[PDB]
Amino acid sequence: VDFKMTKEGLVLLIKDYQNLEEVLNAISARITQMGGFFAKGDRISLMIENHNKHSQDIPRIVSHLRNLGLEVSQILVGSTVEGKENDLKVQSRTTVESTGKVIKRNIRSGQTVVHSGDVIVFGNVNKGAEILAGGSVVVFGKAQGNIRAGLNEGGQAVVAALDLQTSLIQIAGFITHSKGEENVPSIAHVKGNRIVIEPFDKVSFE
Amino acid sequence: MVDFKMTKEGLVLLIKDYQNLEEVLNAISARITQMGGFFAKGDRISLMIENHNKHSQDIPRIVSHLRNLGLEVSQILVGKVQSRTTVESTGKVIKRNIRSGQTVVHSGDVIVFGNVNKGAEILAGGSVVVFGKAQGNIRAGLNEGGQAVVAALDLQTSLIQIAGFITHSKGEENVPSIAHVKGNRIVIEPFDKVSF
């Protein structure tokens, strides 16, 4: 873990790791070393080596950063140059919205909501939108686009909406493209050993 | 001001009237200390607050302070004992119905994938979402404040409190509604026309 000043602005670089607990503590130690340099709303870009192996840790790293006063503006996929780590090779990026546990608006196409806890959206999640939540996700409206929950909580997390028309729903290590009935509040949860979707009135967890 | 007592109801933490919660929590911490190793981490106790109607919105923090100290509140006694309710010791996400005489107490948001029956109550430091029919009494924002919200698939509650505000009005039958603080009162509007 280390901060790099680049052409992309300030970037928190996290090298391939095995213990998330150490990364977070490294981030904290790294921040503390600056002696209160960051301002109330400062934004940073985030880059994790071997991202694919750590994608489910995104919500907790982004939240840990928020709990420290830093807003993650984008997630960068790429790597650093050998003898000039302040120069980045960005093969991909994704914007992150600055939101909290409760979102009182629509999550538009292109936007990505992140949170290590349960996310509650009082509005709709459009087709090109996405949610990465460590916990459960409830959209009090129409849910389209992708919703990935249980990224750090586990298979007990759930995904519900007043109209579960998602292109994809992930819950821990399970995925599915199935959708709920037209205008029928439904809940996507891990039952048996797959993600089952059933109306709110006929749900049966465990 | 604060003392434990063994009764036929089992261990009961008695909280005598107070003007400052911070003082109370400080007293519970000190009392816990006095009891020596009398208590085990799992230990469950009943809670009774004197002028209860005046400290209602403090339950989440008292219950939380006791929990963080190793004591689990199993029921809240009113009054010897006028009324009572079983505290549904659970998690942020409830996957069952909140039955009559049962009370859910949480410091943050509460999400119920079930219903909140008539004699049921929910004390939430944050927002409340009931993915089903909500009938009991829902008290939200007890910690976070006025920006907290209360929502249900069928908002037919006897009472709804949000921070210092209250209201007895309900939402249209079988219409996902949201109660929030707008203007300076609690407003209830369907999901498709909410304006925060």
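Residues numbered from 1 in each chain as written, not as in the entry; some residues may be left out. Chains lettered and ligands numbered in written order. Heavy atoms only, no water.

In its metadata, the entry names X-ray crystallography as the structure determination method and reports 2.2 Å as the resolution.

By the naming in the PDB entry, chain B goes by SEPTUM SITE-DETERMINING PROTEIN MINC and is assigned to Thermotoga maritima. Per UniProt, chain B carries the Function text "Cell division inhibitor that blocks the formation of polar Z ring septums. Rapidly oscillates between the poles of the cell to destabilize FtsZ filaments that have formed before they mature into polar Z rings. Prevents FtsZ polymerization (By similarity)." (UniProt positions renumbered as here; feature names shortened; annotations may be inferred.)

For chain A, the name recorded in the PDB entry is SEPTUM SITE-DETERMINING PROTEIN MINC, with Thermotoga maritima as its organism. Annotation of chain A in UniProt includes, under Subunit, the sentence "Interacts with MinD and FtsZ."

Asks: I'm lost on the environment of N106 of chain A in this one. Help?
Replies: Residue and element names in this part refer to chain A. Along the chain, the position of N106 falls in the loop between β6 (102–103) and β7 (112–115). Distance in space between the C-alpha atoms of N106 and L151 is 22 Å, their sequence separation being 45 residues. Contact partners of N106, with chain neighbours within four places excluded, come to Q111, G123 and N124. At a separation of 2.7 Å, a polar atom in the side chain of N106 contacts the main-chain amide nitrogen of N124. (Helix = DSSP H or I, 4+ residues; strand = E, 2+ residues; numbered from the N terminus. Contact = heavy atoms within 4.5 Å. Polar contact = N/O pair within 3.5 Å; in protein donor to acceptor, adjacent residues only side chain to side chain.)

Asks: Any chance you could explain the sheet that holds strand β8 (residues 110–112) of chain B here in plain terms?
Replies: Sheet strands associate in pairs through backbone hydrogen bonding, adopting either a parallel or an antiparallel arrangement. All names here are of chain B. Taken together, the six strands give an open sheet; going across it, the order is β6-β8-β10-β12-β15-β16, and neighbouring strands pair in mixed fashion. Each edge of the sheet is formed by a strand with only one pairing partner; in this case those strands are β6 (93–94) and β16 (185–190). In the sheet, strand β12 (residues 149–155) pairs with strand β15 (residues 177–182) via four bridges, with the strands oriented antiparallel. When the sheet's bridge partners are listed, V150 is paired in β15 with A179. (Pairing = 2+ DSSP bridges.)

Asks: Looking at this structure, how should I read the domain arrangement of chain B?
Replies: The extent of an interface is frequently quoted as the accessible surface area lost upon association of the parts. All names here are of chain B. The domains assigned to chain B are domain 1 (1–90) and domain 2 (91–196). The centre of domain 1, based on its C-alpha atoms, is set 25 Å off from the matching centre of domain 2. Listed per partner, the contact involves 14 residues of domain 1 and 15 residues of domain 2. Of the roughly 1300 Å² buried between domain 1 and domain 2, counting both surfaces, carbon and sulfur atoms make up 54%. The interface formed by domain 1 and domain 2 includes one salt bridge. If you look at where domain 1 meets domain 2, you find six residue pairs in polar contact. (Domains from an automatic or database assignment. Buried area = accessible area lost by both parts, 1.4 Å probe. Salt bridge = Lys/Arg side-chain N within 4 Å of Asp/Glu carboxyl O.)

Asks: Explanation requested: the sheet that holds strand β13 (residues 168–171) of chain A in the structure shown.
Replies: Residue and element names in this part refer to chain A. Strand order across the open sheet formed by five strands is β7-β9-β11-β13-β14, with mixed pairing between neighbours. Each having just a single partner strand, β7 and β14 (174–176) make up the two edges of the open sheet. The sheet shows a mean angle of 5° between the axes of neighbouring strands, direction not considered. In this structure, strand β9 (residues 130–133) lies alongside strand β11 (residues 146–149), joined through three bridges in parallel fashion. Each bridged residue has a counterpart across the sheet, and for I131 the counterpart in β11 is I147. Packed on one face of the sheet, helix α3 (residues 58–66) meets β7 and β9 and runs near 75° to β7. (Axes fitted to C-alpha atoms, helices over the stretch in contact; angles between N-to-C directions.)

Asks: So what exactly am I meant to see when it comes to the interface of chain A and chain B here?
Replies: At the interface, 19 residues of chain A touch 21 residues of chain B. When the buried surface of chain A facing chain B is broken down by residue, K104, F122 and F140 of chain A rank first, second and third, together holding 35% of it. The interface formed by chain A and chain B contains two salt bridges. At the junction of chain A and chain B, the tally comes to four residue pairs in polar contact. Elements with a contribution of two residues or more to the side of chain A that touches chain B: β10 (137–143), β12 (159–164) and β15 (186–191) of chain A. Sort the elements by how many residues they give to the side of chain A that touches chain B and β12 of chain A lands first, with three residues.

Asks: Is there a simple way to explain the pattern of salt bridges in this structure?
Replies: It is possible for side chains of opposite charge to pair when their charged atoms get near one another. A full pass over the atoms with the stated rule returns 17 salt bridges over all chains. Linking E121 of chain B and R139 of chain B is a salt bridge whose minimum nitrogen-to-oxygen distance equals 2.6 Å. Taken together, the residues span a long stretch of sequence, with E121 of chain B in strand β9 (residues 121–124) and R139 of chain B in strand β11 (residues 137–140) at a distance of 18 residues. Overall, the relative accessible area of 18% leaves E121 of chain B in the buried class. Taking relative accessible area as the criterion, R139 of chain B reaches 16% and is therefore assigned buried. Connected via shared salt-bridge partners are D2, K4 and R30 of chain A. (Buried < 20%, exposed > 50% of the residue type's maximum accessible area, 1.4 Å probe, protein only.)

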